[PDB]
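Everything on this sheet refers to the single structure shown next.
There are 2 protein chains.
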Amino acid sequence: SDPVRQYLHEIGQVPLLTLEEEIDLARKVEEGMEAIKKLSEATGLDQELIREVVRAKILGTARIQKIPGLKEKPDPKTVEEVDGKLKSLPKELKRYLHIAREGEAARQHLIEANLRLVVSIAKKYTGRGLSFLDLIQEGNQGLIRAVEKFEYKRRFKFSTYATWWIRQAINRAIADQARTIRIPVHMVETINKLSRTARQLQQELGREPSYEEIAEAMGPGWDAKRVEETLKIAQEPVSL
Amino acid sequence: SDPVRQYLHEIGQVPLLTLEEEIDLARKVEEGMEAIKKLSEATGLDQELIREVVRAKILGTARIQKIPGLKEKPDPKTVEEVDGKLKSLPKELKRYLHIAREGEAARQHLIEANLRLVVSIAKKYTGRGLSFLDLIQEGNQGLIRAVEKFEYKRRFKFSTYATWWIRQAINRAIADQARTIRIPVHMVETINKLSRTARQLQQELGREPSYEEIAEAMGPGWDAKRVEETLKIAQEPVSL
């Protein structure tokens, strides 16, 4: 509920990308990073800073400016100086700053075309420690990290790749809030069995099995609902 | 059939790993890369050669000796030639030679424990330009690439991470043998509608949709079979 429905409403507006668009944006991000290097390496302003500022300047026109989980303004003190130097730059270094602003706007477009992916994934990690809103924030951070790890030259879909990162971030967050208590052996046994079964089904399907498929290998006695619930106290909580 | 049948038989007898196990083998692999980097500082030889030789040493004791598609052993000569250079080092450095041998054997265990996943993925890419053997070969080259990019510190499932790299290697292989044809626009339009549909469902599912699901989105007039056959001429041929 709350603005969460607002968020979902707003992002539901961003269009989807084609492998071609995903990859062109990706390439612009790398070229952008590449440029920022030149800037820092001629201004001594340190790469991370230059980017935070360039990024901020783009959040201005950003179709979605307040994305949960992501740190915003690079601190009104540093931005209010680091942007001072970038402004007054010889003609030559003026283009490197252009490729930077253009690559960071690209990075924003990519992140935006996948905010729905993050929400969808987060709905799959519901009721396991964090609130829907909290999950979305962790997930979005994973998305950002994926954009930083993606390799456009491989020319293979970004969403699937990002999915792993979006999930690893969420998986890490819910695994943080835990205490070690006592559980009866038979429970420890079936958790370990749900885990092996799911991993085994994966080696056969070339993808993670569904709760209904895990229940097949387990059943009778086990159905989709039961496996998912029991899997809530597992080291590997979710399947796909 | 043929040696593929023997291959499938061998890998069928390699036990599946657990998240805890993958991550541990992964940590040893990285610590091994670390040792190697230092053996390269000392000995003066190239890092990759040292790994190949070290790796060669292990394939002799490894469960699955010959994996289709992976580089060949350096050769008896260049092997027992790099070992002489190695062994002949102070007591200090010799410590590393053991860390590298440990991680490299670890790497083989991580690989071995996932050959079934490759074959499975490869089955989902048949009849699109390459033989079963050929698909398996590229797939493994991708699995190898996954081990080289995987981050054990993230402590999240290696299998599903590698799936992407295995698939990208295969996807590339088939997308490499292709010519340009003139195709009617209604086809170029549906091929795109197909692709957008797939990608939309993904943003909603948190995973790639099944052909059955893509058929639901298109249809009537569309069934799982038809979206798959048609998707064969697409730039994004397969789903999951």
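Protein sequences appear in the order of chains A and B.
So the first sequence is numbered by the numbering used here: it starts at 5 and just counts up by one.
So the second sequence is numbered by the numbering used here: it starts at 5 and just counts up by one.
Beta carbons are placed, not taken as given, at the ideal position from N, Cα and C, and that holds for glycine.
- prompt: Going by alpha carbons, who is nearest to A/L101 out of A/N144, A/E152, A/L43?
  reply: Cα-wise, what sits closest to A/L101 is A/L43.
Host alpha helix (DSSP H) of A/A238 (start-end): Run containing A/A238: none; DSSP gives neither H nor E here.
- prompt: Counting pairs of Cβ atoms below 8 Å between the region 227–244 of chain B and the region 208–219 of chain B, do you hit three or more?
  reply: Taking 8 Å as the limit for Cβ pairs, the verdict is that the region 208–219 of chain B does touch the region 227–244 of chain B.
- request: Assign A/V192 to buried or exposed, taking buried as 16 or more other Cβ atoms, counted over all protein chains shown, within 10 Å of its Cβ.
  value: Exposed.
message: Once DSSP output is grouped into helix, strand and coil, what is the label at A/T22?
response: Of the three classes helix, strand and coil, the one that applies to A/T22 here is coil, per DSSP.
task: Just the C-alpha distance for B/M222 and B/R9, rounded to the nearest angstrom, thanks.
output: Each residue's alpha carbon lies about 38 Å from the other.
DSSP state of A/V33 mapped onto helix, strand, coil: DSSP places A/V33 within a helical segment (H, G or I) once states are collapsed to three.
task: Put A/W226 into one of helix, strand or coil per three-state DSSP.
output: In this structure, DSSP gives A/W226 a state outside helix and strand, which the three-state scheme calls coil.
Coil, strand or helix - B/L74 by DSSP: Three-state result, B/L74: coil.
- request: Leaving out five residues on either side along the sequence, give the residues of the same chain with a beta carbon under 8 Å from the beta carbon of A/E106.
  value: The answer, listed in chain order, is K32, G36.
message: If the criterion is Cβ atoms closer than 8 Å, does the pair A/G143 and A/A173 meet it?
response: Contact: yes.
field: B/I125 at chain A interface by Cβ criterion, 8 Å
entry: Chain A places a beta carbon closer than 8 Å to that of B/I125, counting this residue as a contact.
query: Does the beta carbon of A/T167 sit closer than 8 Å to a beta carbon anywhere in chain B?
result: It does; some Cβ of chain B falls within 8 Å.
query: Where does the unbroken alpha helix (DSSP H) through A/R132 begin, and where does it stop?
result: Note, A/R132: premise wrong, no alpha helix (DSSP H); not H, not E.
- prompt: Thinking C-beta only, is A/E34 closer than 8 Å to A/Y156?
  reply: Going by C-beta atoms, A/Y156 is nearer than 8 Å to A/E34.
query: Could you give the distance in angstroms between the alpha-carbon of B/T164 and the alpha-carbon of A/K61?
result: The straight-line gap from Cα to Cα measures roughly 36 Å.
task: Could you confirm whether any beta carbon from chain B is found closer than 8 Å to the beta carbon of A/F160?
output: Taking a beta-carbon distance threshold of 8 Å, A/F160 counts as an interface residue toward chain B.
Beta-carbon proximity of B/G73 to B/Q141, cut-off 8 Å: Yes; because the gap between Cβ atoms is below 8 Å, this pair is in contact.
- request: Assign A/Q17 to one of two classes, buried (16 or more other C-beta atoms within 10 Å of its C-beta) or exposed (fewer than that).
  value: By the C-beta density criterion, A/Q17 is exposed, having fewer than 16 other C-beta atoms within 10 angstroms.
Contact list for B/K128 against chain A, beta-carbon separation under 7 Å: Within chain A, the residues near B/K128 are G210.
- request: Please find out if some non-hydrogen atom of the ligand GDP comes closer than 7 Å to the beta-carbon of A/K42.
  value: Ligands displayed in this structure: none; no statement on the ligand GDP is therefore possible.
task: State yes or no: is the C-beta of B/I187 within less than 8 Å of the C-beta of B/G133?
output: Not in contact: B/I187 and B/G133 (Cβ atoms no closer than 8 Å).
field: Cross-chain neighbours of B/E116 in chain A, by beta carbon under 8 Å
entry: Under the 8 Å cutoff, chain A gives no residues; its nearest Cβ is about 12 Å from B/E116.
query: Which residues in the same chain as B/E240 place their Cβ atom closer than 6 Å to its Cβ, once the five residues preceding and following it in sequence are excluded?
result: So the qualifying residues of the chain are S199.
- request: May I have the straight-line CA-CA distance separating B/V151 from B/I115, to the nearest angstrom?
  value: If you take the alpha carbons of B/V151 and B/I115, they lie about 8 Å apart.
query: Which of the three DSSP states, helix, strand or coil, is assigned to B/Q172?
result: Assigned with DSSP and collapsed to three states, B/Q172 falls in helix.
task: State buried or exposed for B/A104, treating a residue as buried only when at least 16 other CB atoms are found within 10 Å of its CB.
output: Result: buried.
message: Restricting to Cα atoms, I'd like to know which of B/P78, B/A66, B/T22, B/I15 is closest to A/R203.
response: Taking only the C-alpha atoms, the option nearest A/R203 is B/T22.
Residues from the region 17–47 of chain B in contact with chain A, defined by Cβ distance under 9 Å: The region 17–47 of chain B vs chain A, Cβ under 9 Å: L20, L21, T22, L23, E24.
Selection of the region 174–186 of chain B by Cβ proximity to chain A, strictly under 7 Å: Taking 7 Å as the Cβ-Cβ cut-off against chain A, the residues of the region 174–186 of chain B that qualify are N175.
query: Distance, Cα to Cα, residue 245 of chain A vs A/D138?
result: Outside the displayed range of chain A (5 to 244) lies residue 245 of chain A, so it cannot be described from this structure.
query: Buried or exposed: A/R171, going by 16 or more other Cβ atoms within 10 Å of its Cβ?
result: Counting of Cβ neighbours within 10 angstroms places A/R171 among the buried residues, the total reaching 16 or more.
field: Assigned exposure category for A/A46 - 16 Cβ within 10 Å defines buried
entry: Counting Cβ neighbours within 10 Å, A/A46 comes out exposed, since fewer than 16 surround it.
message: I'd like to know whether the C-beta of B/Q141 is nearer than 8 Å to at least one C-beta of chain A.
response: It does not: the Cβ of B/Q141 has no partner Cβ on chain A nearer than 8 Å.
field: Backbone secondary structure at B/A182 - three-state DSSP
entry: Reduced to three states, the DSSP call for B/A182 is coil.
field: Span of the alpha helix (DSSP H) around A/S124
entry: From DSSP, the alpha helix (DSSP H) with A/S124 extends over 119–127.
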